[PDB]
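One structure is given here, and the rest of the page talks about it.
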Amino acid sequence: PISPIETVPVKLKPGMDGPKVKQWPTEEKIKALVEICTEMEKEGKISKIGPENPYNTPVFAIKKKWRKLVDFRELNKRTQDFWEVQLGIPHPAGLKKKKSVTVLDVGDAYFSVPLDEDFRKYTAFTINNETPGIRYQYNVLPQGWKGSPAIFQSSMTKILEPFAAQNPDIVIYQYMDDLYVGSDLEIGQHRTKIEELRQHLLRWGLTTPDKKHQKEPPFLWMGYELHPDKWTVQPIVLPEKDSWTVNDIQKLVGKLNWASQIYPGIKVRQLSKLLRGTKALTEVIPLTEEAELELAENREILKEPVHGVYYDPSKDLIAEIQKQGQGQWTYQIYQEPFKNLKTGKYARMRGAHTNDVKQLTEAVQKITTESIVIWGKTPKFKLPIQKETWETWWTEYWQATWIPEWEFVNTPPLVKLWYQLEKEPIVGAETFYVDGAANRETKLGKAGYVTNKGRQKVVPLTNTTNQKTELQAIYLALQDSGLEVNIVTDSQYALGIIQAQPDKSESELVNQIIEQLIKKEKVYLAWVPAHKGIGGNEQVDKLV
Amino acid sequence: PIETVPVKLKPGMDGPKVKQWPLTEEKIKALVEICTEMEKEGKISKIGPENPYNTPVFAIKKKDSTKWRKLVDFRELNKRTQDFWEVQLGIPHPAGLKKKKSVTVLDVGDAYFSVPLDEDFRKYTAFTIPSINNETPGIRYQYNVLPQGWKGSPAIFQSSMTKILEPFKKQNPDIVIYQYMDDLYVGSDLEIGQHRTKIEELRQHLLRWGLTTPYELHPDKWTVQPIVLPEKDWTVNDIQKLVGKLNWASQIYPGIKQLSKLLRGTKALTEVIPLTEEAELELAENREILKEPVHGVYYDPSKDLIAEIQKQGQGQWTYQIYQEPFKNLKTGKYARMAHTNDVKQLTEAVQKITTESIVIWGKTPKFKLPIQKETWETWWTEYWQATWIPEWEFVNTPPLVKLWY
Ligand SMILES: N#Cc1cc2c(Oc3ccccc3OCCC(=O)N3CCOCC3)cccn2c1
Ligand SMILES: [Mg+2]
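Line by line, the protein sequences are chains A and B.
Under the authors' numbering, the residues of the first sequence are numbered 1 to 25, 27 to 65, 70 to 132, 136 to 552, in order.
Under the authors' numbering, the residues of the second sequence are numbered 4 to 217, 232 to 250, 252 to 275, 278 to 357, 360 to 427, in order.
What follows is the structure, encoded as structure tokens:
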């Protein structure tokens, strides 16, 4: 089943030569080898060579009937690079429904394409009983070789170029050694077009499934189940273990991600927090309380199976984002109210302090990208956030951002702004001057304030850093204050954290400062140069 | 026709392997129309899997039209060849173009399609039209003719350019002409309408020698813009931001410092405070020190140009071009006039800024963009109306500087 296709020229990486890795004695294997060698020579796929000082690459033999294997590792290191075959995969949520869909698989797919002539010498393998060294040399794409997946895909593509213009009403997808064909014409017309193509391929050299088209749905494809009108993930088994290892928690959070695309509501936040001890691979990591709960809620979701629908270009694309908590959000993309196209989650915090609108802006983003890769368009967004909420956020956000057309949906928890600082100081409300410090050496510190009304405080702080104190200093001035406070700090650091207005943070102190800020009713933070004697600050800097 | 100028790569350097950005379906279909015509005109050819290079392709709109254009991000292939093709064939920068009272910019990149591109170099121009949902690996082309956007394309055509300009250049000894990439920058001191005729002259001259061409500037208004101290009829908080900005400014312009005194002791914030002689004296002394620029600030042609932008609210943005922190070559503001998406404003801002850079120094800057990386890598192709693309990256952390500018 060799082919008349044009070969693709192949070069070695410049200034490299072809491999020379001598082999070494397997009487039963050495025999099996001879059997495959001639039975493959008869098909022209390899040819004997007269040792004219050519190269060499190893070769082995293993029973599954026997089978032949070649170690091309030293040759792939020397041949040029090719175009990347398929870095990604078609997501089923983006396929278009077809009445009938036929799955064909081409056997000997690599052995049915010719390999370039000037590049044939570098494939010389040899099969101590003073072995006569029956020197061979490939003539088709050798299996394992660096250039086979790319070249075969190109040959296959050209071999198909006549047929796809003759029958433009059918659709073929290429994927490695498979062809997936799907038409909307009659199931009798289908079996016919299939039979045409199989015979066309075979006029080039490509054998195809005999028993009809063979594969009958549902299709087990790349960890999916493709049903003639439904798609869903292949089934998932979350282990039950007394101890958990890094290998086990990554395999778990792989499986949980794999399921997030169609099982709504998955969470993997507190599970992957465990992986920050990524130091080893077999190191036991004790689960946490939030983790063991999370994995329990994930079990509850999977117990009943849910499925996905296919794409219909004539129907609009829609996206809904709902808040889960602890910096976790789920989305669903659908055309129809009950039929999901797919789902997924967004939890990344992009730092240690984030707010709800920002995390929702980031989420929309992840969806826009995903929508564009998958369906080639961007969806209409349905968003639990008022217009009044978002407008005021991005008008005052220091970053630029692009907020697509969206429709408000009231289905709580709506996203909100739990507090706004003032932009201007509060009249006649108390103005605390704050500062704090901590001898890094002593790792000890103090947080104090000094107000206009004459109040002064200093609290001792143990096991702190100069940064962590100047946030306690703000904390203090909040918890010792009326509902309208003007706080004033020298700390560029703590000013920065606050002015972003985080509603959620992974600092205990900063969550406490958030809570107080919610309770207050007019806070206004202002900033003045540190150790610049601005008056008052010199006081909070004398104490502390 | 012409002989393929021998193009080489800066030695020990391999070609670009940039990944293609995924595209909307509108944009793909436009790149598939466009390349189907460019393949009929033989300008680009389909290519095999033995070509591993790729550079990205985008789809933008020309000036305002319903015409889809194509844009190619030769930024990697540029850094790898042209840094050697800008010495072996470099086009020098006129350093007076910034002086001329008017500048107009002309799109001459239709010229390059006449010249064949070196046979052995074509492989490095590969691009890929992506499919939707990885349905197919893309359609793969390489260029057969000088590709616009590559920086060796104006360099090769340099000879033919000066020929076509030599009549017009000699009849007008007072007109500056700079070709950066696929653009002519024509500067003069005429009043506008005559500057416009002398343009249409040059337009019509170039058009009748075979070069077809489809932005009025004024670089004598541009100045490093100084620091405004507010004019208020003053609370304790106002004197704070006053001490705060003044302290930051004192880090660059030596001079201007006692004001604090007028706030000695733990005042309340909203306590309206009077104005002291020595304080007003300071304030006046500071205000003059500001108006007066500084010294030490010299362009270094070895050093990259770094541009920072801050969003200032209500459509105002501000920028600083520099190469050494606090040593600021150019400084400016920006504000469009409606349907002004925050990102459109940044796109227009960035495009404006790089032109000022092309005009002054003849190199584009690298941008520190106040925007999320993936948000930019999505809606940048929308308002982009330029043949070139600056380098960029994404900053996340401006503390107080929004006020300070
Ligand atoms: N095994 C396997 C396999 C099958 C497919 C596959 O089917 C199609 C082929 C051509 C055109 C439309 C095709 O789907 C259209 C959608 C559709 O109605 N479906 C019904 C069940 O079958 C799978 C999908 C596409 C991609 C990868 N595939 C992998
Ligand atoms: Mg201090």
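C-beta atoms are modelled at their ideal positions from N, C-alpha and C, and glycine is treated no differently.
Bridge-paired residues (DSSP) for residue i
i, result
"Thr-107(A)", "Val-189(A)"
"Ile-142(B)", "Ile-132(B)"
"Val-189(B)", "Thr-107(B), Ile-180(B)"
"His-198(B)", "DSSP lists no partner for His-198(B)."
"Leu-452(A)", "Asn-447(A), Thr-470(A)"
"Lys-350(B)", "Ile-341(B)"
"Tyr-181(A)", "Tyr-188(A)"
"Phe-440(A)", "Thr-459(A), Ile-495(A)"
"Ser-513(A)", "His-361(A)"
"residue 277(B)", "Because chain B is numbered 275 and then 278 with no intervening positions, residue 277(B) cannot be located in this model."
"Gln-340(A)", "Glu-328(A), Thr-351(A)"
"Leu-12(A)", "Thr-84(A)"
"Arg-199(A)", "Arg-199(A) is not bridged to any residue."
Within chain B, partners of residue i - CB distance below 7 angstroms
i, result
"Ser-162(A)", "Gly-51, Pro-52"
"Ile-542(A)", "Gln-258, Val-261, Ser-280, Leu-283"
"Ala-299(A)", "None at all; the shortest Cβ gap to chain B is about 29 angstroms."
"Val-435(A)", "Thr-290"
Under 7 angstroms by beta carbon: chain A residues contacting residue i
i, result
"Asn-137(B)", "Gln-91, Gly-93, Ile-94, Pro-95"
"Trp-401(B)", "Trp-410"
"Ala-288(B)", "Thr-439, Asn-460"
"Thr-296(B)", "Chain A residues near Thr-296(B): none, gap ~13 angstroms exceeds 7 angstroms."
Limits of the alpha helix (DSSP H) - the one that residue i falls within
i, result
"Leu-303(A)", "297 to 311"
"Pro-157(A)", "156 to 167"
"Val-261(B)", "254 to 267"
"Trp-153(A)", "Unbroken run through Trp-153(A): none, as it is neither H nor E."
"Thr-397(B)", "395 to 401"
"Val-245(A)", "Where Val-245(A) is concerned, there is no enclosing alpha helix (DSSP H), given that its DSSP letter is neither H nor E."
"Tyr-501(A)", "500 to 507"
Where residue i meets chain B, residues with beta-carbon distance less than 8 angstroms
i, result
"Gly-99(A)", "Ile-135, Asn-136"
"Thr-419(A)", "In chain order: nothing, as chain B lies at least about 26 angstroms away."
"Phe-116(A)", "Neighbours of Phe-116(A) on chain B: none; closest Cβ ~18 angstroms, over 8 angstroms."
"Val-106(A)", "The premise fails here: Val-106(A) is roughly 14 angstroms from chain B at the closest Cβ pair, so nothing lies under 8 angstroms."
Residue i, enclosing beta strand (DSSP E) - first and last residue
i, result
"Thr-131(B)", "130 to 132"
"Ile-47(B)", "47 to 49"
"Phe-416(B)", "413 to 416"
"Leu-282(A)", "No beta strand (DSSP E) holds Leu-282(A); DSSP gives it neither H nor E."
"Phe-61(A)", "60 to 64"
"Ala-98(A)", "Where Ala-98(A) is concerned, there is no enclosing beta strand (DSSP E), given that its DSSP letter is neither H nor E."
"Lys-390(B)", "388 to 391"
Close Cβ partners of residue i (< 6 angstroms) along its chain, the five nearest in sequence each way excluded
i, result
"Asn-348(B)", "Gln-340, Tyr-342"
"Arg-83(A)", "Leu-12, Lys-13, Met-16"
"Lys-30(B)", "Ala-62"
"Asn-81(A)", "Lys-154"
"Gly-231(A)", "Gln-242"
"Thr-351(B)", "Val-241, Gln-242, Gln-340"
Proximal residues to residue i (C-beta, below 8 angstroms), its chain only, five neighbours per side dropped
i, result
"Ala-299(A)", "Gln-278, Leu-279, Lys-281, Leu-282"
"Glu-415(A)", "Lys-388, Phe-389, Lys-390, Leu-391"
"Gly-316(B)", "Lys-347"
"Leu-234(B)", "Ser-105, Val-106, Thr-107, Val-108, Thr-377, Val-381"
Interface residues of chain A facing residue i [CB-CB closer than 9 angstroms]
i, result
"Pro-392(B)", "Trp-406, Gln-407, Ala-408"
Contacts around residue i, its chain only, beta-carbon distance under 7 angstroms, and the 5 residues preceding and following it disregarded
i, result
"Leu-100(A)", "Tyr-318, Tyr-319"
"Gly-333(B)", "none"
"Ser-3(A)", "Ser-117, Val-118, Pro-119, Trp-212, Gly-213"
Neighbour list for residue i in chain B, Cβ cutoff strictly below 9 angstroms
i, result
"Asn-494(A)", "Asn-255, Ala-288, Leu-289, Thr-290"
Proximity test, residue i beta-carbon vs ligand 4 heavy atom, cut-off 7 angstroms
i, result
"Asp-186(B)", "Summarising the ligand content, the structure contains ligand 1 and ligand 2 and does not contain ligand 4."
Next item on the list: Decide if the segment 531 to 550 of chain A is in contact with the segment 339 to 359 of chain A; the criterion is three or more beta carbon pairs, one per stretch, under 8 angstroms apart.
Entry: No, because fewer than three Cβ pairs between the segment 531 to 550 of chain A and the segment 339 to 359 of chain A fall closer than 8 angstroms, the two stretches do not touch.
Check: Counting pairs of Cβ atoms below 8 angstroms between the segment 81 to 100 of chain B and the segment 174 to 194 of chain A, do you hit three or more?
Finding: no
Note to self: Closer than 8 angstroms is the cut-off here; do at least three beta carbon pairs connect the segment 406 to 414 of chain A with the segment 423 to 437 of chain A?
What the structure shows: Not touching, per the Cβ criterion.
Check: Do the segment 518 to 529 of chain A and the segment 461 to 468 of chain A touch if we need at least three Cβ pairs shorter than 8 angstroms?
Finding: With a cut-off of 8 angstroms, the segment 461 to 468 of chain A and the segment 518 to 529 of chain A do not count as touching, because too few Cβ pairs lie within range.
Check: Does the segment 492 to 502 of chain A come close enough to the segment 432 to 446 of chain A that 3 or more CB-CB pairs lie under 8 angstroms?
Finding: yes
Check: Is it true that the segment 108 to 123 of chain B meets the segment 12 to 19 of chain B, where meeting means three or more beta-carbon pairs spaced less than 8 angstroms apart?
Finding: Three or more beta-carbon pairs separated by less than 8 angstroms are not found between the segment 108 to 123 of chain B and the segment 12 to 19 of chain B, which leaves the two stretches without contact.
Item checked: Contact between the segment 258 to 278 of chain A and the segment 342 to 355 of chain A (3+ Cβ pairs under 8 angstroms) -> yes
Next item on the list: Flag this pair as touching only if the segment 232 to 252 of chain A and the segment 142 to 154 of chain A have three or more C-beta atom pairs under 8 angstroms; answer yes or no.
Entry: no
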